[PDB]
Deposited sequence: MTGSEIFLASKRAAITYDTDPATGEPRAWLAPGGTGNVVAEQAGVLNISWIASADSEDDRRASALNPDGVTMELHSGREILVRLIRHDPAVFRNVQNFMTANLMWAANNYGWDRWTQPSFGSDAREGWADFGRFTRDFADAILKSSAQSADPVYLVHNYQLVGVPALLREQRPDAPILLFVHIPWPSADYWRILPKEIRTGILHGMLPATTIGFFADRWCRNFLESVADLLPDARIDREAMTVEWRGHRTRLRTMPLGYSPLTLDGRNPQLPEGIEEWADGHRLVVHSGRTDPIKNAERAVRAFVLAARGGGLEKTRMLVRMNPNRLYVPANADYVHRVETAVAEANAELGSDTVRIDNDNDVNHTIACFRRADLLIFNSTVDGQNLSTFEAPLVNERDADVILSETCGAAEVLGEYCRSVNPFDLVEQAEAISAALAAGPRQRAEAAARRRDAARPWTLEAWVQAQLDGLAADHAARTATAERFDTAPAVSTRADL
């Protein structure tokens, strides 16, 4: 029976009051990673350590300092411990991860000619990240003080410094670090200031296993290590790092969707889309989602004819609008949608900006063509969800730089996300395709997407960690 200690940037908890008694309730959101880990076979118990990121979170942590036991179905339970970081440190590290710095570092945001220019702001953000990293390590370790053989699962890029600190106190523990975002090319990674580009590698490599969604990110990580750490010896075939006694295995662990996640359309959208084939692009208000280039490509396609009764919905998820790169991205999309309507006709392209996840699934079902043309994406789960719920045999245009292209690229229209001509031709070809060809393609697409569930991904992590821990013990 494994004793699991899961660390992640957030533990999705819903806070409200009971509709009958009014007593305050806090219970876990279904479909989380912790809820799935607790269901696995070799799991005796599980603790979930995450950050307090709301005012409710701060009360819950202060009022239950060592963690609260939350009941799942089937009589399972998790000890959820929320860390109350320093407010000033937390807010700076949160800015440290946005496109103001670290997001642009791992999601290919800088042109090098004009950006970035690291000042004292980067040195202070890095110092605050260290304090934030120790906050997690001490909490994880204190939560696992009484465990004989704790198993550590460290998720999200915010925790890349945690493995070294865990290994410092627990030399023999299995430590998995999983990064949900891409790893950039060695030349791109070393844009970062020296203390950050090397210090981040020093924090991850003591892990037993480092997991990414895609082979490409594992490859770039290995090249970044070989480039920056001369005493490190990499093996691209075996996917391993040898560094100061640490043996580290790099693993690709693709994720697709959670069945528990898979309603009506947003207000006005159904009537607006009536009588028209509906092109749908969906994604967060993040520059990587590439909705501006999608809109331009839809215009280049419409100039080629055949799109007279076709409209485009740019479904958008508001997130971190306070980041200049995100707001600018919305502004650039709004411009392109304005110019698209100014040439093709009023109400040809529409933007819908909201958090209703049911509205997005409703858009997935209605779509006649799905565009997921990210400039880069750690994986992009929407490109798995959308074909699985779409009952219209919609084609899928998928960027080759999405992590999901390694799994689904053969079953989609794979495109260079920077080439408007190629993307316009894919839009035109996808809509010219007949009903029978689209139906057979969508069946092959759904079959390729179905196996990549949350549970299989968690099983991949545990089995993978178990095997590399056995290996690291022998070597």
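Numbering the deposited sequence from 1, one finds several regions with no C-alpha coordinates, namely 1-2, 265-268, 482-497.
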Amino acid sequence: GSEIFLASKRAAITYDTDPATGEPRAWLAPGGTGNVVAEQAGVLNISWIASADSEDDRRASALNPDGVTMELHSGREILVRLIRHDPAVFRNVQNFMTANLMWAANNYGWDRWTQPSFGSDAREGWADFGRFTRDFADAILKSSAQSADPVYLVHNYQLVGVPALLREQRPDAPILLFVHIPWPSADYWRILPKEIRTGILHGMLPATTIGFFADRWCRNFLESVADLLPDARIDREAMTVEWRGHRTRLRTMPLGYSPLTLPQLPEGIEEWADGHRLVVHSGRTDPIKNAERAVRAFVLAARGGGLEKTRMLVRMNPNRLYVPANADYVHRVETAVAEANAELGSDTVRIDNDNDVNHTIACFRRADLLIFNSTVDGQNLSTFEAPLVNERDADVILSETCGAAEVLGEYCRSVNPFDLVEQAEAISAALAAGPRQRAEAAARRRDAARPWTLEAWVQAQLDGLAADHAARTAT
From here on, numbers count along this sequence of modelled residues.
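Higher mean CA temperature factor between 448-456 and 8-16: 8-16, per the PDB entry.
Across the two stretches, 57-65 and 423-431, the PDB entry reports the greater mean Cα temperature factor for 57-65. Ranking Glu385, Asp235, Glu391, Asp111 by Cα temperature factor from the entry places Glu391 first. Annotation for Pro259, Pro182, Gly203, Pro287: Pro259 ranks highest, by Cα B-factor.
Among the modelled residues of the chain, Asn326 sits in the middle third by CA temperature factor in this PDB entry. Looking at the C-alpha B-factors along this chain, the one for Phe213 belongs to the lowest third. When all modelled residues of the chain are sorted by CA temperature factor, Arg320 is found within the highest third. In this PDB entry, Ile49 carries a Cα temperature factor that places it within the middle third of its chain's modelled residues.
Per-chain ranking of the deposited C-alpha B factor places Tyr411 in the middle third.
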